[PDB]
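Asks: piece number one of the complex, untouched:
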Amino acid sequence: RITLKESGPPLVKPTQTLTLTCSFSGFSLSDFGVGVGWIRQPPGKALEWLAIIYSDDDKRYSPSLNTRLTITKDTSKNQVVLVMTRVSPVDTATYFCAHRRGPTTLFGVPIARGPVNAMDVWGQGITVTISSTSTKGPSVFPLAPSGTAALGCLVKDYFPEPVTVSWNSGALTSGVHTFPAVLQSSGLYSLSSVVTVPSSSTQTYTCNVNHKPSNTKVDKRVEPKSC
Amino acid sequence: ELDXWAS
C-alpha cells in the first residue's frame, strides 16, 4: 500500500529557505515510470502545481516559481525534497507531495499510458506559515453594536495560530460565529468572534480568549454601549 | 512543453 508524508518547519521567516521532505513507502523511485510531485494550497484558495521528479531523475518545475525551486530525490531513503528559496508571505500554504503512476506493463513492456494521467495517492499535507514575527499574545477589544442583536470580541495582533474563543465560559454556543483568522500584512493574525442574541436579552456576555503559545488568557465582558 | 507521456 502506498503512503506519503510531508515534513519540515511549520514556521519560516521571509527571505529564508524552506526545505520540505516527502517520506514515502509502497513504491520505489527506482521503479519504471514513477513520479513524485509537489502541490500547494494557500488558505481558502485553489491547488497550485509546483514540481515533479521521475525515476530517471528528470525534473520539471512551475515557470512561475522555477528560479526559487529545487527538487531532488534520495532513492535509498525513499524521500523527495523540495527546496524553496527567498520565501515571502504569499508562500504561506499547505504543501502536499503526491505519487504519479507509471504506465501499466505486461511482462515489463508498457501497454497502457492511461494510469499516468493523475496524481493517485496524496500525503496529508504540511501547513507552512511565513511571517517575520515572534510569539505574541492578542489584544482583545469589544464589539458593541449601539431583529436580533449582535456583539463580539476582536482578538487582534497575535502569533502564531491557534487561539480558542468561547462565550460565557462555554455556556453560550447558540448563535456563536468564530471566524477563521486572517494573516495581516504585519505578519500577525486577527479574528473576530461574534454572537447574535434576542434584543431583549437579562444576560451578561463575556468572551473567553486563550492563546496557548504566549500564555495569554483574557476574559472580556462585552455589554451594550453607554455605561 | 509536452508531458513525459504525451505523443
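Replies: That came through fine. Residues are numbered from 1 along each chain as shown, chains lettered A, B, ... in the order given.
Asks: okay, now residue A:118: neighbour count?
Replies: By the measure other CB atoms under 10 Å in any protein chain shown, the count of residues near residue A:118 is 11. C-beta here means a position set from N, CA and C on the backbone, and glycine is covered the same way.
Asks: then residue A:194?
Replies: Taking other CB under 10 Å as the neighbour definition, residue A:194 ends up with a count of 19.
Asks: just the one 10 residues further on next, same as before
Replies: Applying other CB under 10 Å, we find 9 other residues in the vicinity of residue A:204.
Asks: residues in contact with the residue lying closest to residue A:183 once chain neighbours are set aside?
Replies: In space, residue A:183 comes closest to residue A:189 once its chain neighbours are excluded; the distance is 5.9 Å by CB to CB, 6 or more residues apart in numbering or on different chains. Contact criterion CB atoms under 8 Å, 6 or more residues apart in numbering or on different chains gives A:157-161, A:163, A:181-183 as the residues in contact with residue A:189.
Asks: again, 6 Å this time
Replies: A:158, A:181, A:183 (CB atoms under 6 Å, 6 or more residues apart in numbering or on different chains).
Asks: now residue A:4
Replies: A:22, A:24, A:97, A:123.
Asks: measure the spatially most distant residue from the centre of chain A to chain B for me?
Replies: Within chain A, the residue lying farthest from the chain centre (CA atoms, centre = their mean) is residue A:107, at 43.1 Å. In this structure, residue A:107 and chain B are 20 Å apart, going by CB to the nearest CB, to the nearest Å.
Asks: against residue A:68, how distant is that residue?
Replies: For residue A:107, the distance to residue A:68 equals 43 Å [CB to CB, to the nearest Å].
Asks: need the residues of chain A near chain B, please.
Replies: A:113, A:116 (CB under 6 Å from any CB of the partner chain).
Asks: what pairs with residue A:193 across the strands?
Replies: With DSSP bridges as the criterion, residue A:193 is bridged to residue A:153, residue A:178.
Asks: that one and residue A:167 touch, don't they?
Replies: No - here residue A:193 lies out of contact with residue A:167, judged by CB atoms under 6 Å, at a distance of 7.6 Å.
Asks: quickly list what's touching both of those two.
Replies: Taking CB under 6 Å, 6+ apart as the contact definition, residue A:193 and residue A:167 share the neighbouring residues residue A:207.
Asks: could you tell me the end-to-end distance of stretch A:74-91?
Replies: With CA to CA, to the nearest Å as the measure, stretch A:74-91 spans 25 Å from end to end.
Asks: swap that for stretch A:197-216, please
Replies: Stretch A:197-216 has an end-to-end distance of 27 Å (criterion: CA to CA).
Asks: stretch A:99-119 too?
Replies: Taking CA to CA, the first and last residues of stretch A:99-119 lie 5 Å apart.
Asks: ditto for stretch A:98-118
Replies: For stretch A:98-118, the separation between the terminal residues is 10 Å (CA to CA).
Asks: same check, this time on stretch A:43-62
Replies: Start and end residues of stretch A:43-62 are separated by 20 Å (CA to CA).
Asks: roughly how far does residue A:183 sit from residue A:19?
Replies: Between residue A:183 and residue A:19 the distance, using CB to CB, works out to 22 Å.
Asks: those two: which is more packed in?
Replies: residue A:183 (18 against 15).
Asks: and chain C on top of that:
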Amino acid sequence: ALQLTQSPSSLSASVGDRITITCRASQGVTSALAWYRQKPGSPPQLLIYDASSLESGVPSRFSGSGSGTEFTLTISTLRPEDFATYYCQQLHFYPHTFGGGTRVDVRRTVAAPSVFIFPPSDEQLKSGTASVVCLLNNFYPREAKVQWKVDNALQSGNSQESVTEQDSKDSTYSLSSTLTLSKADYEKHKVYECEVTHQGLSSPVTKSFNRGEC
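Replies: Now chain C, sitting on the chains shown earlier:
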C-alpha cells in the same frame, strides 16, 4: 500558459441530486485530465483519471467524460460526503495546471444577511489603531460583496475578510470584514459605511455610524 476554467465556481444541491461539473481547457489536452474531491481539512482524493477511467475504490456514482477541451464530472445521486470542493487537473502539458475548483454545498432557501457595523473601541484608539468591523450574519448563497465607504469615499487595500464554513444545521454562512485605519486617519473622517450586496437583498443595504457622535 494553459488555463483550466471550471464551471460553475459554486454549486448548490441536495442529497440524491444529479450534479455535473465542467472543466474547459484553453488548448487541447487529449484525455490527460483527472478529477479530485477535497473534503475540508483533508487532501484531494483521486476520483477519475485519464478523463473517464474510474479509480479503484472510488464509488460507482462518479463518472467523467469528454476529451480535448471539454470535460465533465457527474455524480449520480449525491451522497452527504460529496459536499466538498472539486478540482480538475491537466497532465498533457508542463506545468500540470489545476482548475479553480467548484464548491458543492447544501441547498436551502435564499436568506439575506443581517448586517451590523461595529465602531472601534476607545481601548483600541488609545493604542493608535482603529479597526472597524462589519458583520453579515446567517446568509445564503455564499456570494456576498462588502464595500467600505468613508465620507462617501470608496475603500480598497485596507480591509480583510473571513467567511465561516456552512453551518451544520442552519446551512447558512457568516462573513466578517475588518477595515483598518490608523487613529489619525480615523479622526479625520466622520461617516463610516458598510455597503452589502447580496442575492437575498432587492437593493444593497448600508449600515453606518458617525464618528464621535455621542
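Asks: the neighbour count of residue A:194 again please, this time with chain C.
Replies: Here the count is done by other CB under 10 Å, and residue A:194 has 27 residues near it.
Asks: residues touching the closest residue to it other than its chain neighbours, list them.
Replies: Excluding the flanking residues, the one nearest residue A:194 by CB to CB, 6+ apart is residue A:152, at 3.6 Å. Contact criterion CB under 6 Å, 6+ apart gives A:143, A:192-194 as the residues in contact with residue A:152.
Asks: the closest residue to chain C within chain A: which element?
Replies: When CB to the nearest CB is the measure, chain A has its nearest residue to chain C at residue A:118, with 3.6 Å between them. Using DSSP states H and E, residue A:118 maps to neither a helix nor a strand.
Asks: identify the residues contacting it.
Replies: Contacts were defined as CB under 6 Å, 6+ apart; by that measure residue A:118 touches C:34, C:46, C:49.
Asks: save these as JSON lines, and put in neighbour count too.
Replies: Converted to JSON lines, the contacts of residue A:118 look like this (neighbours: other CB atoms under 10 Å in any protein chain shown):
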{"residue": "C:34", "neighbour count": "27"}
{"residue": "C:46", "neighbour count": "21"}
{"residue": "C:49", "neighbour count": "28"}
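Asks: out of the residues you listed, which sit inside strands?
Replies: Helix and strand membership here follows DSSP state E; of the contacts of residue A:118, those in strands are C:34, C:46, C:49.
Asks: make TSV from those and add distance to chain A to it.
Replies: As requested, the ones in strands among the contacts of residue A:118 are exported to TSV (distance: CB to the nearest CB, whole Å):
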residue	distance to chain A
C:34	4
C:46	5
C:49	4
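Asks: quick one: the helices in chain C?
Replies: Using DSSP state H, the helices of chain C run over residues C:122-125, C:183-187.
Asks: tabulate those (JSON lines), appending mean neighbour count and distance to chain A.
Replies: Rendered in JSON lines, the data for the helices of chain C read as follows (neighbours: other CB atoms under 10 Å in any protein chain shown; distance: least, CB to the nearest CB, whole Å):
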{"stretch": "helix C:122-125", "mean neighbour count": "14", "distance to chain A": "5"}
{"stretch": "helix C:183-187", "mean neighbour count": "15", "distance to chain A": "13"}
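Asks: rebuild those helices as CSV, extending it with distance to residue A:217.
Replies: As requested, these are arranged in CSV below (distance: least, CB to CB, whole Å):
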stretch, distance to residue A:217
helix C:122-125, 18
helix C:183-187, 27
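Asks: returning to what we had before: from the contacts of residue A:152, which two are the most distant?
Replies: The most widely separated members of the contacts of residue A:152, counting by CB to CB, are A:143 and A:193 (8.6 Å).
Asks: what are the phi and psi angles of the residue farthest from the centre of chain A?
Replies: The main-chain torsion angles of residue A:107 are listed as degrees, to the nearest 10 and equal phi 60, psi 30.
Asks: which residues touch it?
Replies: Residue A:107 neighbours (CB under 6 Å, 6+ apart): none.
Asks: spatially nearest residue to residue 128 (excluding sequence neighbours)?
Replies: Because you didn't say which chain, this covers chain A. Leaving aside its sequence neighbours, residue A:128 sits nearest to residue A:95 (CB to CB, 6+ apart; 5.9 Å).
Asks: look at chain C instead
Replies: Sequence neighbours aside, residue C:183 is the residue nearest to residue C:128 in space, at 4.8 Å (criterion: CB to CB, 6+ apart).
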